[PDB]
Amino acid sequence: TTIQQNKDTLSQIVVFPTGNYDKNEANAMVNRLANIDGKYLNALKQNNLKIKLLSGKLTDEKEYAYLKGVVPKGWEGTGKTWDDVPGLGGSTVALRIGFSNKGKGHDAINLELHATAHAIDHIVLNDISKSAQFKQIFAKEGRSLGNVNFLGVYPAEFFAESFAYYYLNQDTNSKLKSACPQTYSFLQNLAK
């Protein structure tokens, strides 16, 4: 689908916050999500997945208050809790506006694409990151995309970050193709 179609899809699943926030930056986050293949976005929409953009801390939302003080998986030793984490992906998606870029409380290439990749993995693709096919790819290429002690340890995180590289822009797409050829082909074939 075109960018126009994907933004149309995203206008039906993206939820904007009540309080004040940077409207232009929220729009920029939507624009980057619009690079995701429309097949995935419409599957998320069919499953009533909402992409919640947040004006404050994740745990300030009523539905995430249960995570206050909880140490996220893989963040052991960081001294941080979910209160300080700018994004969440999986059965739901919640993203703090303004924290997209690497270094804004995270080291993902892009916050919203990484988090939405987790939701696509889990909701649309039946946890494909844990499939035998992807485990063999992850075993070979899981350390070729940096942050090897994190991406190289958790297949779901390698899937999510590889997904983000594939769709952020053409430079990251090409960088993935050179560093992780089997992962690139896997994602290319997955999208038809």
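From 1 onward, residues are counted along the sequence shown.
Colleague: In the PDB record, does 76-84 or 93-101 carry the higher mean Cα temperature factor?
Modeller: Between 93-101 and 76-84, it is 76-84 that shows the higher mean C-alpha B-factor.
Colleague: Averaging the C-alpha B factors as listed in the entry, name the stretch that ends up higher: 174-182 or 18-26.
Modeller: Per the PDB entry, the higher value belongs to 174-182.
Colleague: Based on what the PDB entry reports, which of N35, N42, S162, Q133 has the top C-alpha B-factor?
Modeller: Spelled out: the listed residue with the top C-alpha B-factor is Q133.
Colleague: In the PDB entry, which of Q46, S129, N149, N31 has its C-alpha at the highest B-factor?
Modeller: That would be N149, according to the entry.
Colleague: Determine, from the deposited record, the chain-internal third of the Cα B-factor for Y154: lowest, middle or highest.
Modeller: Highest third - that is where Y154 ends up once the chain's C-alpha B-factors are sorted.
Colleague: Ranking the modelled residues of this chain by C-alpha B-factor as given in the entry, is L145 in the lowest, middle or highest third?
Modeller: As the PDB entry reports it, the C-alpha B-factor of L145 lands in the highest third of its chain.
Colleague: Considering only modelled residues of the same chain, in which third does the CA B-factor of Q4 rank: lowest, middle or highest?
Modeller: Middle third - that is where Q4 ends up once the chain's C-alpha B-factors are sorted.
Colleague: What third of its chain's C-alpha B-factors does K52 belong to: lowest, middle or highest?
Modeller: Its C-alpha B-factor, which the entry lists for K52, ranks in the lowest third among residues of this chain.
Colleague: If you rank every modelled residue in this chain by C-alpha B factor, which third holds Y66: lowest, middle or highest?
Modeller: Answer is middle: the recorded C-alpha B-factor places it there.
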